[PDB]
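Here's the structure we're looking at; comments come further down.
Because the Cβ atoms are built from the backbone with ideal geometry, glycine has one as well, and the counts that use them run over all protein chains shown. Just so it is clear, none of the values below were taken in a lab; they were calculated from the coordinates.
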Ligand code: CL7
Ligand SMILES: C=Cc1c(C)c2cc3nc(c4c5[nH]c(cc6nc(cc1[nH]2)C(C)=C6CC)c(C)c5C(=O)[C@@H]4C(=O)OC)[C@H](CCC(=O)OC/C=C(/C)CCC[C@H](C)CCC[C@H](C)CCCC(C)C)[C@@H]3C
Ligand SMILES: CC1=CCCC(C)(C)[C@H]1/C=C/C(C)=C/C=C/C(C)=C/C=C/C=C(C)/C=C/C=C(C)/C=C/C1=C(C)CCCC1(C)C
Ligand SMILES: CC1=CCCC(C)(C)[C@H]1/C=C/C(C)=C/C=C/C(C)=C/C=C/C=C(C)/C=C/C=C(C)/C=C/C1=C(C)CCCC1(C)C
Ligand SMILES: CC1=CCCC(C)(C)[C@H]1\C=C/C(C)=C/C=C/C(C)=C/C=C/C=C(C)/C=C/C=C(C)/C=C/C1=C(C)CCCC1(C)C
Ligand SMILES: [Fe+2]
């Protein structure tokens, strides 16, 4: 239980951070025309 | 070639078999969680006290049901809108008994759906095309959010949400009709017109193209727009009915000059609703 | 002065409607600006003055 | 005329406003006129509802929503949710109508008479979308105005009449808040509260001290943030993580407005403190619990509770779904673990017993103000989410350059290696 | 001048107008 | 035993999805 | 109920709330004048 | 009746209500007052019917 | 349940499936 | 050039509308059906067949007017204006419900005329008449619902009365008595209709969002987009549009077979194992069982007034309730 | 243009009034058998006039009439 | 009763349109 809760929270934070830093990492330069 | 840059170039790359993207980063775990829990809880899962009355209702395959009658029962009436995580449960068997799997599935599924819409936009961007597939996809998204999230919020508990099953859907439809008379709500009439007209226009367009192929752009625009607009309207109708803003009511409308009441079809419809409702409402 | 007050508000409504009709035409087409600009700005000034007068005339 | 046709702009009449993207003066005129529309609606509806007001019937039975907002702020109300005189409502409506007149005049003036593009007249008022510093400064100024507004609301609650506190003794009463909450632990506990039924995110505020302190805190922050925006440049990463055009800013605003609309629906539907049940009527939880308690009162007069999942004392039946609901007429009959049966035996003061039935009748034929507000603003919020997606996608594509279609001879999909 | 289109237009309009009048009349019945 | 029939049909459907996704003949 | 001084103007207020709608309709009338160019 | 079956209720009719062997005889019902009432027969439509023993005059006696 | 229910389901699953697979195989063997 | 060739060329001549030979069957029949419905809603009442006020004279609303079905006692009589029932009396013909038969029969022949018209137009233009084959579905639905269903039942009285609330009554009646939602053919029909709407929506959106910057849209981009987003995609245009045609029509035909099945009470009303298992112990409760209970309640609460001719009298005691 | 305007002005309101009078003069109730608002029931004839026989329906209505 | 002011506003709008439309 405690392990499951910790793992879930860590996963959620990790995925959210991945999302955030991905979208701030100049993903306006990924279009074809660029 | 920073490790972070290499990772970003991996995810936001148009050479995978399935595009991942940043939205897909959230989409994949949530969808996998929802699918896994749905499969597990649909094959075998204990009976659930849907009414919050210590009396259970079973919905799994191993407990007797088949595909038509099986379902994933909504979380118990006693929980209300409370999130019920496993680690916030007294005991695993109890947590199943209150209907936690339903909550798990619907929450992961809704997050995955909205992230799937985002992923659609993202790949439309990465390929260099106008990014409005997601706008069209926003209609069925609105419908699911209506039945699974907004309606329970208006009703105060997830026990009023839609069951995840074929017969559970029909039971939901009949109880909804009983309590809100959805048929005589104009937005559902718009939705019915939307689906039937969408099928009509699809058949017409397909027949025309496949017959002659042996502003015309506005044709495809109208094809895309019509059912989407109607589904937006009917999703909004469901949402409004979630706040007790029920549809039309013409019961007891025509009265005889002396004072008697003459029946109309609306009274027959109301009596059918009465039957559905009195069979509902276990006690009073 | 109650009847005076009612008559004042009636005049206010009259002026306000007159400005409603005049302002788009005066502003959009500045072909008759010599008298039109005077008309519109004087109407605005009369509107402000009438509102301020009615402010006290209420009490 | 020139530039008002499809040929000279490229936009069909049904997208006419798009032509205004780079005409600063007329665009400003349109915004001012639209603000005039909003305040005109406010004043006109206030006057209508006052003209149709009826002192005997409650507001929620009478069917007024703009009046209930003023009643919550305490303009011309009394203890127990009773009006004293509908004059201040008339005052507010008239002021709004006059302001609408002035704003409409300004909007027409900038639309037609004044300069078409402020860039020609001056440079403080002449702005281009792709000037990041200018946009930062304008955002900062408007933030400062919002902060002044929030502090004004707090100042009213603390010095000028206050607010109708429905947790005052013996039913609600208009009060002046004197002990605002300012502990940061309380603020963090509010923010990091679960949005789920495990509490309530910010909708779960139940005392007016927290409301006033929160408005104080946010007004201070808004003024500070406005100053910061005026005084600094956008960071490099900020410049690289956004799109800088008019439509992009519109899309950001749409997203923010969609979020605010959903939160407002949550407030109006679950909150009985900042939306007093005396005016908007009982919430769904309040209605169910009042029905349960009135039936219990009748059954105890003529000679039903149960245990919570955590084991407290709660009502029985469907109403168990509202086991945690807290209310002013129900709070005095509380206990360390749920409302005690012994308390309900002899502690029901007359006004609470009257409120119970009065709420039982008006369960949200009859449609509560909460139903109107909730449905309307849920629909508005959903459509603003759709608009956010539309405009954000358009902004991203237009900035990239492939907005008007795929290029026939340089199509990008034709160059990618086949996956099979 | 009796074109097929004349027939069609009249076959539609005549009963249409008559019924509109009838329904209007019903609207003023107490 | 019905459960076995249902589960077998479902598993066959999932396998079909896997093959239809990763083994389709290349469009050209 | 209106202030007893203003009660005379009761009918006018009765048409105030629905005025904004006309504005929207007005747009098309404007676009009707220029012939949707 | 052929209008009392089902689409997936397979096999002969005797797989259903079973095979008949004997007719129990025509029954008649009487109440406390001795009045002779009759049971209303279930129409083809209803899968189940509410049992209602009514007076021949059209007044429901028992159920 | 019906003892023939499983048999009917199995034959329904199988016969069209083997038909389709046979057609595809004798198509793909050919160039 | 005999009279026949003159007539044929005259029919095929270009006008505002195309008449053709089919018009001789379509236009009079369609016009009569529409006029019958309008008259039945405007003036004729169902006070004598269903004991209802379903006309504007009665004071009904647009959502409550209906050309109600004939009485139950008539069985399946064709109710000709000169038949043994009406006997030439127009008023008795209207009161007995003959307008329902008038409207429905002329509607049948209007639909037949329309299908023939599409055949004729496709013959003139010289293209494959996939439109007629597509329209074959609506004819199947119409024939199954308005003719075969009341013919398999006791009387025309059980057919759908032409209206809005009357059709809603028909839907709820079908659920209560035939448990239609559990019928697999209706499930295929629902899947067909919803899939047709889905196909229309996504096809329109895709064609709009892969437009070339000038058929007219990048099929390659659309194919790649859907392959990498959803997994599968149409790489053939002809297949794409034939599928769009095929799905809703198939849904309609499956639903038609479902409706003809329930016309004979050959309905999938229950699952035997579930009924047995519920009989053994009362704790066993599933959603299907509660659907069964709802059907019982709807039957009991609707029968006394829906089928007024049967003089059903169910007391309060026998009416099912959630106690 | 102009010519047909005379004919339509003379005729269309006459047709409108034709329908109007057809309803107002109570002719429709006789034509279509639709009961007058007082004809649904007598002062106590609250029973429903439902046809029970196919063969003599018109005469049975005449009895109900 | 109240149709007078509503008609007045209906006159007010398109009249404002028309006065510009003359030039
Ligand atoms: C519904 C999704 C949506 C939202 C909420 C939204 N937009 Mg748009 N939007 C704009 C501003 C805007 C603002 C300032 C704003 C927020 O306040 C929004 N939008 C919001 C302009 C920049 C730009 C030009 C808009 C423009 O020039 O004209 C707008 C056009 C029309 C016909 C307005 C008439 C409205 C419809 C009849 C809807 C009826 C609703 C109803 C009356 C409510 C009452 C009920 C009633 C029944 C009683 C724009 C567009 C456009 C579109 C589209 C499709 C949208 N949008 C969509 C949205 C352009 O093509 C188009 C575009 O960009 O093409 C390039
Ligand atoms: C409610 C659903 C529904 C309606 C109303 C509808 C309507 C129509 N579809 C047509 C076509 C089609 N429909 C098609 C597929 C579909 N159609 C579907 C569902 C519908 N289709 C579905 C689900 C599909 C997908 C498979 C195709 C492929 C076509 C065509 O090609 C054709 C077309 O070209 O459309 C433009 C008709 C063209 C004109 C015509 O011949 O009228 C019908 C003709 C007659 C004679 C009508 C007679 C009177 C009717 C039968 C009874 C009386 C009705 C009253 C007057 C009004 C009743 C009001 C109600 C409230 C009861 C018409 C517009
Ligand atoms: C005032 C009030 C009255 C009642 C009492 C109460 C205590 C509740 C008091 C409330 C006080 C409160 C709750 C104060 C706190 C408010 C808070 C935490 C607001 C936070 C909002 C979070 C937001 C926007 C998230 C923003 C993230 C964004 C945009 C995305 C940014 C980025 C991404 C990933 C995409 C591209 C753009 C960019 C910048 C790179
Ligand atoms: C359209 C719509 C949407 C937007 C709002 C708006 C108010 C405009 C709304 C319009 C509403 C209105 C007022 C609609 C009016 C509709 C009507 C009544 C149209 C009716 C036309 C009447 C017709 C054909 C009747 C034809 C009758 C016929 C052949 C009779 C046939 C006969 C029968 C039935 C019995 C035997 C004898 C005979 C002669 C063969
Ligand atoms: C437009 C339209 C829609 C579909 C296309 C179609 C071609 C058919 C076309 C055809 C016809 C139609 C519907 C035309 C509609 C025209 C209308 C209603 C125009 C009306 C505009 C009304 C306006 C400005 C009113 C502004 C009122 C204001 C300021 C305030 C006034 C005042 C206030 C409330 C305080 C008291 C004093 C006073 C003066 C009364
Ligand atoms: Fe196409």
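Take the conditions in contact with a helix residue (DSSP H, G or I) (Cβ under 9 Å, 6 or more places away or on another chain), within 10 Å of chain J (Cβ to nearest Cβ) and farther than 30 Å from residue J:125 by Cα and apply them to residue B:263. Does it pass? Yes.
Evaluated against (1) within 23 Å of the chain's Cα centre (by Cα); (2) within 10 Å of chain J (Cβ to nearest Cβ); (3) surrounded by fewer than 18 Cβ atoms within 10 Å (Cβ to Cβ), residue B:231 falls short on exactly one condition, (3). The number of residues in segment J:19-41 that are crowded, with 20+ Cβ neighbours inside 10 Å and in a helix (DSSP H, G or I) comes to 7.
If a residue must be outside any helix (DSSP H, G or I) and under 30 Å from residue D:82 (Cα atoms), how many such residues does segment D:17-53 contain?
2
In the set (1) buried (at least 16 other Cβ atoms within 10 Å of the Cβ); (2) within 16 Å of ligand 1 (Cβ to nearest atom); (3) more than 14 Å from chain C (Cβ to nearest Cβ), residue D:107 fails one condition alone, (3). Taken over segment D:3-30, the criterion of being more than 9 Å from ligand 1 (Cβ to nearest atom) and away from every other protein chain (no Cβ under 14 Å) is satisfied by D:22, D:23, D:24, D:27, D:28. The residues of segment J:50-97 that are surrounded by 24 or more Cβ atoms within 10 Å (Cβ to Cβ) and either more than 11 Å from chain K (Cβ to nearest Cβ) or in contact with a strand residue (DSSP E or B) (Cβ under 6 Å, 6 or more places away or on another chain) (or both), listed by number, are J:54, J:60, J:64, J:65, J:66, J:67, J:68, J:69.
On the stretch given as segment D:359-382, residues that are touching a helix residue (DSSP H, G or I) at 6+ places or on another chain (Cβ under 8 Å), more than 8 Å from chain B (Cβ to nearest Cβ) and either in a helix (DSSP H, G or I) or within 16 Å of ligand 4 (Cβ to nearest atom) (or both) total 7. Within segment J:1-21, being more than 35 Å from the chain's Cα centre (by Cα) and more than 20 Å from residue E:9 (Cα to Cα) holds for J:1, J:2, J:3, J:4, J:5, J:6, J:7, J:9. Taking the criterion of being exposed (fewer than 13 other Cβ atoms within 10 Å of the Cβ), more than 8 Å from chain D (Cβ to nearest Cβ) and more than 9 Å from the chain's Cα centre (by Cα), the residues of chain A that qualify are A:1, A:2, A:3, A:4, A:6, A:7, A:9, A:10, A:11, A:29.
Across segment J:98-131, the qualifying residues are those that are closer than 16 Å to residue B:205 by Cα and near ligand 2 (Cβ under 8 Å from one of its atoms), and the one among them that is farthest from the other protein chains (Cβ to nearest Cβ) is J:118. For segment H:1-53, the set of residues classified as within 14 Å of chain J (Cβ to nearest Cβ) and surrounded by fewer than 10 Cβ atoms within 10 Å (Cβ to Cβ) consists of H:1, H:2, H:11, H:17, H:41, listed by residue number.
Can you spot a residue in segment D:150-161 that is within 14 Å of chain C (Cβ to nearest Cβ), more than 16 Å from ligand 1 (Cβ to nearest atom) and over 30 Å from residue D:245 (Cβ atoms)? The answer is no; no qualifying residue exists. Taking the listed residues B:178, B:143, the one that is surrounded by fewer than 23 Cβ atoms within 10 Å (Cβ to Cβ) and over 14 Å from the mean Cα position of the chain (by Cα) is B:178, with no other qualifying. The residues of segment G:1-21 that are within 14 Å of ligand 1 (Cβ to nearest atom) and out of contact with any helix residue (DSSP H, G or I) (no Cβ under 6 Å at 6 or more places or on another chain), listed by number, are G:18, G:19, G:21. Residues in segment B:58-100 that are assigned to a helix (DSSP H, G or I) and farther than 19 Å from residue B:150 by Cα: B:86, B:87, B:88, B:92, B:93, B:94, B:95, B:96, B:97. Exactly one residue out of B:67, B:50, B:43 is surrounded by fewer than 21 Cβ atoms within 10 Å (Cβ to Cβ), more than 23 Å from residue B:115 (Cβ to Cβ), within 21 Å of the chain's Cα centre (by Cα) and more than 11 Å from chain D (Cβ to nearest Cβ), and it is B:67.
Any residue that is touching a strand residue (DSSP E or B) at 6+ places or on another chain (Cβ under 6 Å) and either outside any helix (DSSP H, G or I) or under 17 Å from residue H:45 (Cβ atoms) (or both) - is there at least one of those in segment J:297-308? No, because not a single residue in segment J:297-308 is touching a strand residue (DSSP E or B) at 6+ places or on another chain (Cβ under 6 Å) and either outside any helix (DSSP H, G or I) or under 17 Å from residue H:45 (Cβ atoms) (or both). Checked against (1) closer than 30 Å to residue B:131 by Cα; (2) in contact with a strand residue (DSSP E or B) (Cβ under 8 Å, 6 or more places away or on another chain), residue J:229 passes all but condition (2).
For residue J:157, the stated conditions hold: it is buried (at least 20 other Cβ atoms within 10 Å of the Cβ), more than 9 Å from every other protein chain (Cβ to nearest Cβ), in a helix (DSSP H, G or I) and more than 10 Å from ligand 2 (Cβ to nearest atom).
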